[PDB]
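Below is one structure, written out as structure tokens, with a few remarks after it.
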Amino acid sequence: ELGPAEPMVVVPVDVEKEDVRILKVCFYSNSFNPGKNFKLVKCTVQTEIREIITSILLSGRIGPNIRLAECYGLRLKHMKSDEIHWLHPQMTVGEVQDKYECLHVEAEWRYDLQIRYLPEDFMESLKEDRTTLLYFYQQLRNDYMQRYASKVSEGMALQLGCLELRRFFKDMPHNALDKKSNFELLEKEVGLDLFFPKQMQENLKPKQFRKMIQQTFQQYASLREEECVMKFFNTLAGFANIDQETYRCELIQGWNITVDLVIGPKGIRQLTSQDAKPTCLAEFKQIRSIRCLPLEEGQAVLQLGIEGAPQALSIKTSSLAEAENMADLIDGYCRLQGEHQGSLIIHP
């Protein structure tokens, strides 16, 4: 009875065979594969999204000393239509699944890990955390390639593809590429269609092409990674707007008016018809309660609650989906900037 001491028994969590779920989660990474790298995630029907994001982040699979983990989100996308749904951090796998794989079977979907909720500082704080910085740079870079790079002036794409070459080949000698040898290699081994758009190669005497790359490089030849990336961001902020997102939506009031909504870290703001000067509509500090209602022509209403406002603010959106994505982004920034636990959304 003075033997050692026996601790209290602990019933070890074990899990139902059919509550197991295995998700395929794609991320960006310095493969010659952008959105074709992925990691299976093992879990339960009742693990919350956070959990998944953290389990990926900690895997160290995407890079090292990570700080702004709250910035990441998880995004489900239907492959044919481009329905996309942002899975809010605290809803469970199970909910997701009977919410939407309801809609098309597993293989027509994809989840991507994605920077979604930008820091209040945006550039200022990204710099503090390399890994993320890069990830977000990759994410954007991907977009650029997929969406913009064919649409922008040739001379411009040339700039950004070199920007990447220097960026991508840290550790390569400042003047490698001039050697026709190493060049031929680049296609054979990696292909330039990763850095420059198709049409480019297919539009230009290839001798010519080479020329403009060999020489455009030397312009960037001397720059570190952080520098490349920063430059690229700056450049892209040119046309694309890249810390905010934009929603065309009516908005319900005395007289109802259709408007373009900008949302990002600086709050939720009216993008007046086109202008540099968007002036502010609602402050995250000020929000109190987000909410979604569906309406009988497939549309729906996001509606915030604003303390200091007597009336609420009721935005009419083109889909229930759109309403909830906006909802997520808002509760996101709220989550990030507010000192308080849990979301602000509601479902009576």
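Number 120 in this note's numbering belongs to position 120 of the sequence shown; there are no gaps in the numbering.
Beta carbons: idealized from backbone N, C-alpha and C, even for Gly.
Pairwise C-alpha distance: residue j and residue i
i, j, result
"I330", "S343", "10 Å"
"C102", "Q274", "39 Å"
"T272", "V262", "10 Å"
"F233", "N142", "13 Å"
"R75", "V96", "11 Å"
"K42", "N30", "24 Å"
"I66", "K127", "12 Å"
"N37", "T216", "30 Å"
"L23", "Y333", "26 Å"
"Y111", "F27", "9 Å"
Reduced DSSP category for residue i - H, G, I as helix; E, B as strand; rest coil
i, result
"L140", "helix"
"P206", "helix"
"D112", "strand"
"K211", "helix"
"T44", "strand"
"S319", "coil"
"residue 366", "Missing from the structure shown is residue 366; the chain here goes from 1 to 348 and no further."
"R167", "helix"
Option nearest residue i by Cα separation, candidates the options
i, options, result
"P294", "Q146, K316, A282 and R167", "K316"
"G60", "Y135, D14, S289 and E1", "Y135"
"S318", "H347, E83 and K17", "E83"
"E184", "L313, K207 and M8", "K207"
"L113", "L302, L57, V301 and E187", "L57"
"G238", "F196, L204, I268 and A276", "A276"
"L313", "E322, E51 and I268", "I268"
"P89", "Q286, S125 and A69", "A69"
"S181", "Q201, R210, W109 and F27", "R210"
Whether residue i touches residue j by CB criterion (7 Å)
i, j, result
"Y144", "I115", "no"
"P278", "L118", "no"
"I346", "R291", "yes"
"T92", "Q46", "yes"
"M326", "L302", "yes"
"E164", "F195", "yes"
"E106", "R167", "no"
"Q341", "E120", "no"
"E307", "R335", "no"
"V15", "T44", "yes"
"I49", "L87", "yes"
Checklist entry - Quick check: the region 187-206 against the region 240-251, are there 3 or more CB pairs under 8 Å? => result Below 8 Å, too few C-beta pairs join the region 187-206 and the region 240-251 to call them touching: fewer than three.
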